């Protein structure tokens, strides 16, 4: 009936595979040498696409890193050292694993973020706005929780530039932070009431041609920070934390493929993809072949 699926993800920067303690070269518009502090994101709704364009959902293996249809990617090593990834000291979780019905597939689709709810045994459960203290793994990572109302910062990428970050008032900060999460969220679920968010800030990613056995999904840090001066914060939270009045988020949300505010007056598309299925930071890359070799 089923066949195992394994979708590998990779973090890249300046055209090389980074992650763990690897250095980050030529980051931002200033082309600075930065250190990776954190690179975590939730992904969900994984589907394989066949030649006739139909979408077959991947049943995710239920473990500590995957719950219902939601998986948590983390590109840092557990030690927190200054060495690049190795089998002994690897990135914490870079592969989504599961099963799909047997058959031939050609493409891949998935979504970036934490969905509002998901299904377990045909029954729904709150995901994005759940309690980080009560939610099962991997939704119990408070380092990725804002609060229930705001939901999770379901994309947390944090880099450390060589000369820190200068804020408008002049005070210096250590880390340039990219926190992607829902905004305009009204109603507090901690009070037991309903919550709805004006800007969801989730987006799908579609690859018409993707072979999991010889390819991987590459998250490009260079694209992410391309038009951002990571030695400077121009307003709001240091870096970008999804706020519409934050001057630094427009460049980031463009690199994400999301409309920060409305693209046009009355477009009503704030917090939605500007080209669904396409996100400039996500691309297909060659990967070590899982086709078992002889000899």
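Numbering follows the first chain given and starts at 1.
- For the two regions 171 to 179 and 106 to 114, the entry's Cα B-factors average higher over 171 to 179.
- Across the two stretches, 26 to 34 and 53 to 61, the PDB entry reports the greater mean Cα temperature factor for 26 to 34.
- In the PDB entry, the Cα temperature factor peaks, among 157, 160, 205, 120, at 120.
- As recorded in the PDB entry, 197 shows the highest C-alpha B-factor of the residues 134, 219, 197, 83.
- Among the modelled residues of its chain, residue 258 has a C-alpha B-factor that falls in the middle third, as given in the PDB entry.
- Among the modelled residues of its chain, residue 236 has a C-alpha B-factor that falls in the middle third according to the deposited record.
- When the CA B factors of the chain's modelled residues are split into thirds, the value for residue 74 lands in the lowest one.
- Residue-level temperature factors show residue 191 in the highest third of its chain, judged at the C-alpha atom.
- Annotation for residue 225: C-alpha temperature factor in the lowest third relative to the rest of the modelled chain, per the entry.
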